[PDB]
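Comments concern the structure below.
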Amino acid sequence: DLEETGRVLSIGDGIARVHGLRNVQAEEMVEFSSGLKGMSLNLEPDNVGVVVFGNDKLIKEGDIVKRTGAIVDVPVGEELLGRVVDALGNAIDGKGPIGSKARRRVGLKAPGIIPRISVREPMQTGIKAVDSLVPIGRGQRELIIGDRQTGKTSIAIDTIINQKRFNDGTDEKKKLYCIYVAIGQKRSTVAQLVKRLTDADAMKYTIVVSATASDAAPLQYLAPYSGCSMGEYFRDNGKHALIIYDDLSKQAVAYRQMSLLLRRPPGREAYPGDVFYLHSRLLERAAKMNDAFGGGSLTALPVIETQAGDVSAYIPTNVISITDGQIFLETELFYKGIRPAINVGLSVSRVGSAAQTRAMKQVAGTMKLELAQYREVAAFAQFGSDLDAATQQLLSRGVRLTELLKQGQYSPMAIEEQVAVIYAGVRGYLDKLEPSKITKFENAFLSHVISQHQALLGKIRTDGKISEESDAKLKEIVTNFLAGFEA
Amino acid sequence: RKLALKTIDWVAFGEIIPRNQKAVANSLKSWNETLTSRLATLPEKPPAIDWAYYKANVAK
Amino acid sequence: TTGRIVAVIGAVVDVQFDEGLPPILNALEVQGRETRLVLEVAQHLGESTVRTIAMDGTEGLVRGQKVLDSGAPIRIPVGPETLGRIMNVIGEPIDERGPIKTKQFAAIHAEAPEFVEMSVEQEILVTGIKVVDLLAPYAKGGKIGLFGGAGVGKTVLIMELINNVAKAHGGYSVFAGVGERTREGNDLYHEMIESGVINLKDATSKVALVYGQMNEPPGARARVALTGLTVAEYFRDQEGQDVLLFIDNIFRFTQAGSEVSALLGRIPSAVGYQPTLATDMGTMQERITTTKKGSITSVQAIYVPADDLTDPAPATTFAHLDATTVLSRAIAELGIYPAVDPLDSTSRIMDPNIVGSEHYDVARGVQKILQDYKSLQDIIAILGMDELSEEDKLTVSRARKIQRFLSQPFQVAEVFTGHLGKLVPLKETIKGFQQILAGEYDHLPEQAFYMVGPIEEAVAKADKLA
Amino acid sequence: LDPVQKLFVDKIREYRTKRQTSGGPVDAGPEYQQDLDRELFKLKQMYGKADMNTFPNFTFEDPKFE
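Chains E, U, L and C supply the protein sequences, listed in that same order.
The first sequence begins at 1 in the numbering used here and counts up by one.
The second sequence begins at 1001 in the numbering used here and counts up by one.
The third sequence begins at 2001 in the numbering used here and counts up by one.
The fourth sequence begins at 3001 in the numbering used here and counts up by one.
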């Protein structure tokens, strides 16, 4: 055949004015002379502006443009879990052909109202600060914001790793498919990263969609959408999928770029405007769905890595307006050594309670406050030096909690454990301790509660809540054990 | 061997004065706790090999 | 195949070859251009016209003039005979020891090796600098990118680094002078002559120079990066080597790209950039790394435009960086050398475990201390001192020592320093600051930590005073 | 292994034409041999190095006591 074939009307720069194919379906994935796909994104009447998917040095002009005649699909499956692919589903891991050889349109629309359901599942990350201060739900789309490797990713890692146990738990409500859409994260970055997940083999329920820095832009752009169909799939199949889009920031960069090369605009900040829309449509596809959809979820953890905390920054403003909070991670703290380095004032979950255990809620509620207040006397009068004696204690309390909300570099947890140390501080047994040693207290304390109070924990774990047993034991434990920790 | 069951009253422990050892006790406790934390972790068994698998598969 | 000069707008050479259009990237040799005028095809514009780039002079280019396709993309000799040679971009000398002749030629545009032979992890290289090693423990074969202002002692530093390293090196080294000054290359030349590790009983020297200077048109500057890569990938992978690849300065490459963008008819992105700026990054950067096939320790001088880093170009760069080396002009201004902004310079392997977390931790206290101390600076800036808090007063002083303690004069550039510079191995470093953490000096003259290597000597420097 | 019979006749017999000889499997190919020798040693360098056709038996130790 060569009749719904076309000749490359002009090419250079991977911007193919495409002669022919004049019956072309909009957004048809097209098929190359170079084999390759392209997208007939632009139907101009006299050409098809074809975004060339991948390298074009190969390419030359008048070259035959073939329909693929397909609007893009991506292979879909759970056989993406334990696979590093590029978005077309190409093993770059060298793990060979994916079990995911079902395919699914990468665009599949976002849920209905009734189809959706609100969240009320928690979820967690193994990070005290997180689960406490940003208790996690399921079916999300909420902003992760922070700058790069610091183990920026650590944050995510401990979460993914944290889901391991949950994947060692059951339900899609413990078990979780993690989807790491890596947008523009170099081969190295990934190389390393993947290397980690694998090591944690939290990878097992986990897709790593790997779009490294090298990759062509639409591809990278696409990578999430690719993921998107797959995660909705999981969602609709009851599966609760977690996508970490790290990051759309880069995605935009590509997307505009692509646009520009198509001469398709550079809106505010050089990005054309429906990149919001881009994502909106993308992200609405992340939801916690009702049971007709298996109840599943696609929890979206979009990531934006900020340049200098630039957030009124278009895409960030945009994103903010979709997201239901942002989790700001704070650098100064980092330098202080405080990793996680948060500013939780600038981390918000409007959501709050749908996202958590009672256990935590009970100890944390107050804690948030105790720090808040602590901060406040650092702040009204922008001095860490005090304004009232009461608070000279309270500040101690705050300070203690400060030691506690940290999270070890390369370390997740689970909720009862988390609560364990938290209760200890919240209900205070360690302001009768120096703040640096609090964490130290935990090492022992934790290894103790793990040892002993796995029983007790058995209860807390059971209740999702601190119970009378647990508590009663706790009050006692903490005091006694603490007493043992010290003396 | 297995584990030795000696219980240590740490209260009494440091106190000793056979004087060449009181200082030693203070250090030996902490020297202990280093050893204590170490052993308490170490994974009890390592794995071993699917000889048949590699028996096929190693072709030196 | 032949082309007609159809339009020359500078070294953006619009060529119509009507003799078919060989690849985008097909390298062209211009006819009627005795002096080898390479154009690389950029676009198949249509009309059998390509937009090509001359990298070079556009003398006597009659519009119509015949251009003969070189029939492949740009290929260059690669071979050991390049070391100790200053090769230009075009595979030719600028060693001017006759042609840099090699066995094999290589097309210089190439693939970014696949993930799996890429070693996924790396190990901190030691630079012999406290400040570096401690604070941003860069990795062997990593891409370390030296952000740094204009001539900010960076150039000095890199040379010093060469000095510290290249010598010691087991594999070999490459210097790719991207937009380098002819002069610096000169300087370097002599330094190298001098060093004699550009030994000329070696065209197999310890260091190969590939230069693609400023005076070249951008296309050349643009391309020297690929060229150099191609050689080095050859030494690393092919010649096994641990290559140290000194690139000074990729920015100038970047710039060369950007510079063309306009008159690539493109929208030159923000500030003029490239929309493809990023892909540009992938496309070189992903090619350079450490495989299992050796290491390319990739030293990128990165001019930080206007020391603007938020500046998307650098903004991107960090991502690519195994080691991000941020030179603090601010510090530099304090005359300080090591002049770094180390609270900006990183190594991902700066993360406890990896590097010996003590080592790190000792750093964490410092990093903190300084940072808090940094925090104070607005307050202090007005307020100075006397209603603040004491502990801070201590830190201030301590920080002030620490600050000084990072400082180390130049060993090479005693010509620059006057001083003899210093070199510090780990222990004095780890300890050094740690000692300051112990505040053992808090009655010892604070500035005395300035321009020192070993803390011992620094202690000494306090002492002679008192 | 795969399909089309006239083309694959050209190739599938050429799968096994290579295998249908085994001292230089209709070509081991000197280049294949050379780069093989390169990568096989280089692989060895990239490996751990304690000979791969020998058993690493045990070692013994004696820990710090005061």
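Note that CB positions come from ideal geometry on N, CA and C, so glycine has one too.
What are the partner residues of residue i, as DSSP defines its beta bridges?
{"i": "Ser-2173(L)", "result": "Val-2207(L), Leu-2244(L)"}
{"i": "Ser-10(E)", "result": "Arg-17(E)"}
{"i": "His-2190(L)", "result": "Note: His-2190(L) sits in no beta bridge, so no partner."}
{"i": "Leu-2068(L)", "result": "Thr-2002(L), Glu-2029(L)"}
{"i": "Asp-73(E)", "result": "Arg-105(E)"}
{"i": "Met-29(E)", "result": "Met-39(E), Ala-70(E)"}
{"i": "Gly-2046(L)", "result": "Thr-2049(L)"}
{"i": "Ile-2009(L)", "result": "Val-2012(L)"}
{"i": "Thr-2290(L)", "result": "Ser-2295(L)"}
{"i": "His-240(E)", "result": "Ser-297(E)"}
For a contact meaning CB atoms closer than 9 Å, what does residue i contact in chain E?
{"i": "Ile-2108(L)", "result": "Near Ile-2108(L) there are no residues of chain E at all, since even the closest Cβ is about 12 Å away, more than 9 Å."}
Interface residues of chain U around residue i at Cβ under 8 Å?
{"i": "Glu-3066(C)", "result": "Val-1024, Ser-1027, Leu-1028, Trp-1031"}
My guess is that residue i and residue j are in contact by the Cβ rule of under 8 Å, so how many angstroms apart are they, rounded?
{"i": "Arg-2085(L)", "j": "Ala-2208(L)", "result": "6 Å"}
{"i": "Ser-467(E)", "j": "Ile-460(E)", "result": "7 Å"}
{"i": "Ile-2198(L)", "j": "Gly-2228(L)", "result": "Going by Cβ atoms, the distance from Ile-2198(L) to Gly-2228(L) rounds to 16 Å, so no, they are not a contact pair."}
{"i": "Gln-2447(L)", "j": "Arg-2404(L)", "result": "5 Å"}
{"i": "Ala-211(E)", "j": "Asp-86(E)", "result": "7 Å"}
{"i": "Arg-141(E)", "j": "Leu-283(E)", "result": "4 Å"}
{"i": "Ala-2011(L)", "j": "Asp-2056(L)", "result": "6 Å"}
{"i": "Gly-12(E)", "j": "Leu-2028(L)", "result": "Contact flag wrong, Cβ pair sits at about 15 Å."}
{"i": "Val-377(E)", "j": "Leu-395(E)", "result": "6 Å"}
{"i": "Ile-2144(L)", "j": "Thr-2325(L)", "result": "6 Å"}
Could you work out which residues of chain L lie near residue i, taking near to mean beta carbons separated by less than 9 Å?
{"i": "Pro-266(E)", "result": "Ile-2267, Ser-2269, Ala-2270, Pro-2275"}
{"i": "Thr-212(E)", "result": "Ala-2112, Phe-2115, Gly-2282, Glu-2286"}
What in chain C is Cβ-close to residue i, meaning under 8 Å?
{"i": "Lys-1060(U)", "result": "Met-3052, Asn-3053"}
Please list the partners that residue i has in chain E, where partner means a Cβ-to-Cβ separation under 8 Å.
{"i": "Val-2120(L)", "result": "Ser-188, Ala-191, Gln-192, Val-194, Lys-195"}
{"i": "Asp-2322(L)", "result": "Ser-188"}
{"i": "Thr-2102(L)", "result": "Result: empty, since nearest Cβ-Cβ is about 24 Å, beyond 8 Å."}
What residues from chain L crowd round residue i, counting only those whose CB sits closer than 7 Å?
{"i": "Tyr-335(E)", "result": "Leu-2343, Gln-2367, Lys-2368, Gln-2371"}
{"i": "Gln-307(E)", "result": "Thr-2310, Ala-2315"}
Kindly list, in the order they appear in chain L, the residues whose Cβ is closer than 8 Å to that of residue i.
{"i": "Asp-56(E)", "result": "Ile-2024"}
Exercise. If you measure beta-carbon to beta-carbon, which residues of the region 18-37 of chain E are closer than 9 Å to chain L?
Worked result: Residues passing the 9 Å Cβ filter: none.
Problem set entry | Under 7 Å (Cβ pairs) to chain C, residues found in the region 2282-2295 of chain L | Hits within the stretch, in order: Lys-2292.
For this session: Can you give me, in chain order, the residues of the region 3027-3044 of chain C that have a beta carbon less than 8 Å from any beta carbon in chain L?
Result: Against chain L - using a Cβ distance shorter than 8 Å - the residues of the region 3027-3044 of chain C are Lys-3042.
For this session: Report yes or no: do the region 18-36 of chain E and the region 62-70 of chain E share at least 3 C-beta pairs separated by less than 8 Å?
Result: Touching, yes.
Exercise. Any residues in the region 2368-2390 of chain L with a beta carbon nearer than 7 Å to a beta carbon of chain E? Which ones, in chain order?
Worked result: Taking 7 Å as the cut-off between beta carbons, the residues of the region 2368-2390 of chain L near chain E are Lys-2368, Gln-2371, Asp-2372, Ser-2375, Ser-2389, in sequence order.
Exercise. Of the residues that make up the region 2228-2257 of chain L, which ones have a beta carbon closer than 8 Å to any beta carbon in chain C?
Worked result: Going along the region 2228-2257 of chain L in chain order, one finds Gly-2240 with a Cβ nearer than 8 Å to chain C.
Problem set entry | Three CB pairs or more closer than 8 Å across the region 118-130 of chain E and the region 152-160 of chain E | These segments touch.
For this session: Could you please tell me which residues of the region 2039-2070 of chain L, in chain order, have their CB closer than 9 Å to any CB of chain E?
Result: Here the close residues are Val-2041, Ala-2042, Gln-2043, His-2044, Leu-2045, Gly-2046, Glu-2047, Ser-2048, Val-2050, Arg-2051.
Exercise. Should the region 2264-2283 of chain L be regarded as contacting the region 2322-2340 of chain L, the criterion being three or more beta carbon pairs within less than 8 Å?
Worked result: Result no; under three Cβ-Cβ pairs closer than 8 Å.
Problem set entry | Segment contact, 8 Å Cβ cut-off, at least three pairs: the region 398-412 of chain E with the region 450-457 of chain E | Remark: fewer than three beta-carbon pairs, one from each stretch, lie closer than 8 Å, so the region 398-412 of chain E and the region 450-457 of chain E are not flagged as touching.
Exercise. Should the region 319-326 of chain E be called in touch with the region 172-183 of chain E, which here means at least 3 C-beta pairs below 8 Å?
Worked result: Because the criterion of three Cβ pairs below 8 Å is not met, the region 319-326 of chain E and the region 172-183 of chain E do not touch.
For this session: Examine the Cβ distances between the region 2213-2229 of chain L and the region 2137-2153 of chain L and report whether three or more of them are shorter than 8 Å.
Result: No: fewer than three Cβ pairs fall under 8 Å.
Problem set entry | Inter-stretch contact at 8 Å, needing at least 3 Cβ pairs: the region 273-287 of chain E / the region 199-208 of chain E | Verdict: no, contact absent.
For this session: Check whether the region 299-309 of chain E touches the region 247-264 of chain E, taking contact to mean three or more Cβ pairs, one atom from each stretch, closer than 8 Å.
Result: Short answer: they touch.
Problem set entry | Residues of the region 2009-2024 of chain L with Cβ closer than 9 Å to any Cβ of chain E, in chain order | Look at the region 2009-2024 of chain L: the residues with a C-beta under 9 Å from a C-beta of chain E are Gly-2020, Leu-2021, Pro-2022, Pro-2023, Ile-2024.
Problem set entry | Sufficient close CB pairs (3 or more, under 8 Å) joining the region 224-235 of chain E to the region 188-202 of chain E | By the criterion of at least three beta-carbon pairs nearer than 8 Å, the region 224-235 of chain E is not in contact with the region 188-202 of chain E.
Exercise. Taking contact to mean at least 3 C-beta pairs separated by less than 8 Å, is the region 2131-2139 of chain L in contact with the region 2301-2311 of chain L?
Worked result: No: fewer than three Cβ pairs fall under 8 Å.
Exercise. With contact counted as at least three CB pairs below 8 Å, one residue from each stretch, are the region 2384-2404 of chain L and the region 352-372 of chain E in contact?
Worked result: Short answer: they don't touch.
Exercise. Is the number of C-beta pairs between the region 253-262 of chain E and the region 13-24 of chain E that are closer than 8 Å three or more?
Worked result: Put simply, the region 253-262 of chain E touches the region 13-24 of chain E. At least three CB pairs are less than 8 Å apart.
Exercise. Do the region 2201-2216 of chain L and the region 2080-2094 of chain L make contact, defined as three or more Cβ pairs closer than 8 Å?
Worked result: Judged by Cβ distances under 8 Å, the region 2201-2216 of chain L makes contact with the region 2080-2094 of chain L, as three or more pairs qualify.
Problem set entry | Stretch pair the region 2166-2175 of chain L + the region 2338-2352 of chain L: three plus CB contacts closer than 8 Å | At 8 Å Cβ cutoff, the stretches do not touch.
Problem set entry | Interface positions of the region 401-415 of chain E facing chain L (Cβ-Cβ less than 8 Å), listed along the chain | Taking 8 Å as the upper bound on Cβ-Cβ separation, chain L lies near residues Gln-409, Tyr-410 of the region 401-415 of chain E.
Exercise. Which of the residues in the region 58-70 of chain E, read from start to end, lie with their CB under 8 Å from any CB of chain L?
Worked result: Residues of the region 58-70 of chain E with a Cβ closer than 8 Å to any Cβ of chain L, in chain order: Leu-58, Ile-59, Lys-60, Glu-61.
Exercise. Should the region 2285-2299 of chain L be regarded as contacting the region 2229-2249 of chain L, the criterion being three or more beta carbon pairs within less than 8 Å?
Worked result: The answer is yes - the region 2229-2249 of chain L touches the region 2285-2299 of chain L, with three or more Cβ pairs under 8 Å.
Exercise. Taking Cβ-Cβ distances below 8 Å as the criterion, which residues of the region 2328-2352 of chain L are in contact with chain E?
Worked result: Listed by position along the chain: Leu-2343, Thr-2346, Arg-2348, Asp-2351, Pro-2352.
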